[PDB]
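Worksheet: one structure, shown below.
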RNA sequence: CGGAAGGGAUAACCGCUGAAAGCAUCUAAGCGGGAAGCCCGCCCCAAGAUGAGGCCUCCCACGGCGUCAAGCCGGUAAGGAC
RNA sequence: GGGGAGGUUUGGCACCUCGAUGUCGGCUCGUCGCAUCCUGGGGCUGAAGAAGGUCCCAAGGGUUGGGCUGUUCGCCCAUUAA
RNA sequence: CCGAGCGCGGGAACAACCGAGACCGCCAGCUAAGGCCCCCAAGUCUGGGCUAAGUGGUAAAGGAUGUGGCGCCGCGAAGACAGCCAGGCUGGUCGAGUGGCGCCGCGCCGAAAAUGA
Ligand SMILES: [Mg+2]
Ligand SMILES: [Mg+2]
Ligand SMILES: [Mg+2]
Ligand SMILES: [Mg+2]
Ligand SMILES: [Mg+2]
Ligand SMILES: [Mg+2]
Ligand SMILES: [Mg+2]
Ligand SMILES: [Mg+2]
Ligand SMILES: [Mg+2]
Ligand SMILES: [Mg+2]
Ligand SMILES: [Mg+2]
Ligand SMILES: [Mg+2]
Ligand SMILES: [Mg+2]
Ligand SMILES: [Mg+2]
Ligand SMILES: [Mg+2]
Ligand SMILES: [Mg+2]
Ligand SMILES: [Mg+2]
Ligand SMILES: [Mg+2]
Ligand SMILES: [Mg+2]
Ligand SMILES: [Mg+2]
Ligand SMILES: [Mg+2]
Ligand SMILES: [Mg+2]
Ligand SMILES: [Mg+2]
Ligand SMILES: [Mg+2]
Ligand SMILES: [Mg+2]
Ligand SMILES: [Mg+2]
Ligand SMILES: [Mg+2]
Ligand SMILES: [Mg+2]
Ligand SMILES: [Mg+2]
Ligand SMILES: [Mg+2]
Ligand SMILES: [Mg+2]
Ligand SMILES: [Mg+2]
Ligand SMILES: [Mg+2]
Ligand SMILES: [Mg+2]
Ligand SMILES: [Mg+2]
Ligand SMILES: [Mg+2]
Ligand SMILES: [Mg+2]
Ligand SMILES: [Mg+2]
């Protein structure tokens with residue numbers, strides 16, 4: 001159940017055999033496993049990789065007593081990658097062979113208070129003939145005396161984006177073990193410089 | 012019910028013979044007995060449901076007996092041109108009009124023979140189980156009704 | 002002027018569910034929950050025993066229930082219907098079938114719910130042994 | 001990039017064995033197959049789940065009134081806020 | 001000839017509303033029902049196959065763009081799995 | 001009867017259905033309708049049956065080897081019905097009941113609707 005943390009670094013395309021390939025580049029620095037979660041102590045199994053190199057200064061926390069309790073140069077972030085227990089002390093791009101399909105998780109760019117038109121690809125009014133103050137409005141939201149209420153979940157405008165977005169099943173292209181790069185099929189959430197986590201898919 | 016090894020119990024009955032060993036879940040409120048080299052089953056009343064339950068056990072048993080006696084088996088014809096079947100190890104492959112030969116691995120307690128590519132005998136200690144796998148085979152290609160083709164038993168052709 | 006209880010220590014109990022008709026069982030568990038077998042009963046107060054049940058998963062139930070009986074659970078939304086048949090219940094978390102039926106014979110207020118909290122259910126046994134436990138029937 | 005796969009339980013329906021009712025029957029005891037649907041599985045939210053869960057880790061006694069009891073006032077710890 | 005279900009039509013009644021419950025069609029946003037148009041599963045067929053017919057099961061999702069009319073509806077054009 | 005008893009009890013809730021005509025007070029008693037497993041006061045009361053549909057938890061013409069109870073007609077130990085062997089009812093073998101009608105009780109199907117049951 002491989003997995004590694006990374007940062008959307010950027011993307012460009014590259015040429016394979018004889019066709020262009022849109023790739024996004026994740027840098028997936030050597031993640032120091034920092035705790036492991038057993039079926040006995042924790043009740044479920046997984047593994048806590050750290051990520052960015054941290055100033056032993058800003059780690060003044062009780063956090064020291066964690067890194068210390070596993071002798072790991074203090075990282076910046078650390079998330080668990082459920083149901084996957086490795087070896088050594090660190091996970092690296094090497095879990096990924098080119099052609100393996102991965103699911104990358106990310107955090108969608110944040111659009112703030114979003115129009116129903118942008119948030120739901122709603123139709124909205126007519127630029128022309130009729131009224132002019134409902135141009136981008138959702139229009140009707142209900143019925144009459146029955147129900148005589150709005151349904152929960154009704155699509156309405158408001159803070160949208162900047163949320164946990166997993167885009168399943170992209171193809172790993174050439175992984176640069178050297179500079180710690182991981183090449184993929186482009187479609188990966190959040191802005192450049194964002195934390196992301198890559199994993200094995202569900203194809204079969 | 013002779014030459015055998017019938018052994019009562021609360022809700023079930025152990026039936027042993029050369030062939031094998033069968034656990035035969037019987038009603039608890041029935042009374043299976045063991046007269047001589049044979050077996051009885053007597054009923055606690057004459058209520059509609061005790062009768063139903065009665066015969067059903069008095070057969071469910073007999074079957075378990077003969078089941079470790081001569082044992083059980085069924086016969087499968089495989090008519091129609093192309094249609095045939097090679098036995099392979101334990102499980103039997105069989106090509107039958109499909110674009111894919113069907114490999115049918117054998118349930119435990121079962122074993123089937125292919126005397127001829129056109130015939131298939133299913134042997135096992137257990138009626139119910141035999142009967143199933145039997146039909147379970149006929150199923151791969153039920154008998155057409157516009158021409159003799161596919162698996163039959165040894166009963167009329169639908170015509 | 003009618004007697005009125007002062008504070009008291011809560012009696013506990015232990016029950017074995019195996020073989021019990023689920024409802025017939027709930028009824029009692031209920032009547033225990035309200036301090037209602039005690040003769041110094043007081044409505045407004047909640048001096049009920051602390052009924053503890055075990056071997057829930059084994060609860061007998063008459064007729065076709067298991068298959069036939071459906072548990073409605075209305076989420077907030079369009080088509081939040083959610084019908085759950087009696088079996089799926091026991092098959093996954095089964096304590097509920099019992100819980101989901103004492104809550105039912107308990108009255109409705111804040112007290113009712115104070116009470117539902119006294120009742121403690123496991124399919125087991127192996128309840129957190131602690132002290133009291135005077136088995137019943 | 002996605003709709004799946006897959007596991008499980010079922011619908012009509014197809015059956016294995018079998019009485020009642022010597023036969024016959026899918027059923028009444030029992031069992032197998034069987035849906036884009038049900039439950040799972042994937043994605044997201046989520047412990048105000050007041051039934052407030054778990055793990056790892058860091059800080060740690062009293063300095064004065066209330067006679068047992070709940071507290072009250074202060075400078076602090078980790079740590080947090082401005 | 002007979003018995004029903006539904007409460008989408010046309011009505012009957014005149015029960016709330018005449019110190020006001022804005023009307024048809026469209027748009028926008030839908031969500032439910034199933035008596036299912038498609039897709040899935042099936043029975044019979046006067047089912048060779050292919051295509052169909054009739055009935056059963058199944059709401060999960062889907063259910064196009066134009067011409068004419070304020071139209072709903074309907075006709076028509078070009079498609080469609082529908 | 002409500003109106004004027006939208007005062008009280010029952011009926012989930014509900015002017016007129018069931019009970020009953022509220023002068024005031026009571027931390028007394030009997031009852032009424034309706035009830036006595038829990039929410040909910042009082043029987044998990046006693047005895048005899050019926051029903052396996054959640055019927056009860058409230059739909060028809062019509063349909064059906066549901067189930068139990070009763071009544072009548074037909075063949076049967078001179079061998080019947082059921083199958084199994086032979087022939088086109090006959091025979092045997094088996095060996096005790098079998099076929100049809102009719103009436104009552106409870107039930108089954110007929111039974112599709114729109115916010116969550
Ligand atoms: Mg920081
Ligand atoms: Mg526009
Ligand atoms: Mg205007
Ligand atoms: Mg205006
Ligand atoms: Mg409303
Ligand atoms: Mg037979
Ligand atoms: Mg048969
Ligand atoms: Mg809650
Ligand atoms: Mg100190
Ligand atoms: Mg000190
Ligand atoms: Mg300081
Ligand atoms: Mg400090
Ligand atoms: Mg800060
Ligand atoms: Mg009109
Ligand atoms: Mg009038
Ligand atoms: Mg007004
Ligand atoms: Mg107004
Ligand atoms: Mg108005
Ligand atoms: Mg109008
Ligand atoms: Mg068809
Ligand atoms: Mg056809
Ligand atoms: Mg065809
Ligand atoms: Mg249906
Ligand atoms: Mg239907
Ligand atoms: Mg729906
Ligand atoms: Mg629809
Ligand atoms: Mg939807
Ligand atoms: Mg037009
Ligand atoms: Mg017209
Ligand atoms: Mg009067
Ligand atoms: Mg009581
Ligand atoms: Mg009794
Ligand atoms: Mg009794
Ligand atoms: Mg009965
Ligand atoms: Mg008639
Ligand atoms: Mg009738
Ligand atoms: Mg009948
Ligand atoms: Mg008569």
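Residue numbers (the UniProt record's numbering), protein chains in the order written: chain A, 1 to 204; chain B, 12 to 170; chain C, 2 to 138.
A virtual CB, placed ideally from N, CA and C, is assigned to each residue, including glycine.
Cβ of residue i less than 8 angstroms from any chain C Cβ?
i	result
residue 151 (chain A)	yes
In chain order, what residues of the same chain lie with their CB nearer than 8 angstroms to the CB of residue i, ignoring the 5 residues before and after it?
i	result
residue 115 (chain C)	47
residue 37 (chain A)	44, 45, 46, 47, 48 and 80
Is there a C-beta anywhere in chain A that falls below 8 angstroms from the one on residue i?
i	result
residue 79 (chain C)	yes
Answer yes or no: do residue i and residue j have a C-beta to C-beta separation smaller than 8 angstroms?
i	j	result
residue 91 (chain A)	residue 49 (chain A)	yes
residue 18 (chain C)	residue 60 (chain C)	yes
residue 75 (chain B)	residue 26 (chain B)	yes
residue 5 (chain A)	residue 51 (chain A)	yes
residue 180 (chain A)	residue 203 (chain A)	no
residue 195 (chain A)	residue 77 (chain A)	yes
residue 135 (chain C)	residue 9 (chain C)	no
residue 107 (chain B)	residue 92 (chain B)	no
residue 79 (chain B)	residue 50 (chain B)	no
residue 29 (chain A)	residue 197 (chain A)	no
residue 68 (chain B)	residue 44 (chain B)	no
residue 115 (chain A)	residue 157 (chain A)	yes
residue 62 (chain A)	residue 175 (chain A)	no
residue 124 (chain A)	residue 136 (chain A)	yes
residue 140 (chain B)	residue 120 (chain B)	yes
Which class does residue i belong to by DSSP, given the choice of helix, strand or coil?
i	result
residue 22 (chain A)	strand
residue 59 (chain C)	helix
residue 134 (chain B)	strand
residue 74 (chain B)	helix
residue 84 (chain B)	strand
residue 32 (chain C)	helix
residue 200 (chain A)	strand
residue 16 (chain C)	strand
residue 22 (chain C)	strand
residue 90 (chain C)	helix
residue 33 (chain B)	strand
residue 169 (chain A)	strand
residue 142 (chain B)	helix
By Cβ distance below 7 angstroms, which residues in the same chain neighbour residue i in space, the five residues on each side in sequence not counted?
i	result
residue 71 (chain B)	35 and 37
residue 120 (chain C)	30, 34, 52 and 103
residue 96 (chain C)	57, 122, 123 and 124
residue 90 (chain C)	72, 97 and 98
Please go through the same chain and pick out, in chain order, the residues whose beta-carbon is closer than 6 angstroms to the beta-carbon of residue i, but skip the five residues on each side of it.
i	result
residue 165 (chain B)	86
residue 71 (chain C)	84 and 86
residue 99 (chain C)	57 and 122
residue 19 (chain A)	none
residue 113 (chain B)	105 and 151
residue 185 (chain A)	170 and 171
Any 3 or more C-beta pairs closer than 8 angstroms across the stretch 94 to 103 of chain B and the stretch 127 to 138 of chain B: With the cut-off at 8 angstroms, the stretch 94 to 103 of chain B and the stretch 127 to 138 of chain B touch.
Does the stretch 24 to 31 of chain A come close enough to the stretch 6 to 13 of chain A that 3 or more CB-CB pairs lie under 8 angstroms? These segments touch.
May I ask you to verify whether the stretch 141 to 158 of chain B touches the stretch 10 to 30 of chain C, counting CB pairs closer than 8 angstroms and requiring at least 3? In short, these stretches do not touch, since the Cβ pair count stays below three.
For the stretch 139 to 154 of chain A against the stretch 65 to 83 of chain C, do three or more pairs of beta-carbon atoms, one drawn from each stretch, fall closer than 8 angstroms, so that the two count as touching? Using a C-beta cut-off of 8 angstroms, the stretch 139 to 154 of chain A makes contact with the stretch 65 to 83 of chain C, since at least three inter-stretch Cβ pairs fall below that distance.
Is it the case that the stretch 184 to 192 of chain A contacts the stretch 104 to 118 of chain A, given that we only count it when at least three CB pairs across the two stretches are under 8 angstroms? The stretch 104 to 118 of chain A and the stretch 184 to 192 of chain A touch, with no fewer than 3 CB-CB distances between them shorter than 8 angstroms.
Sufficient close CB pairs (3 or more, under 8 angstroms) joining the stretch 119 to 136 of chain A to the stretch 78 to 98 of chain A: Contact fails between the stretch 119 to 136 of chain A and the stretch 78 to 98 of chain A, because fewer than three Cβ pairs, one in each stretch, are under 8 angstroms apart.
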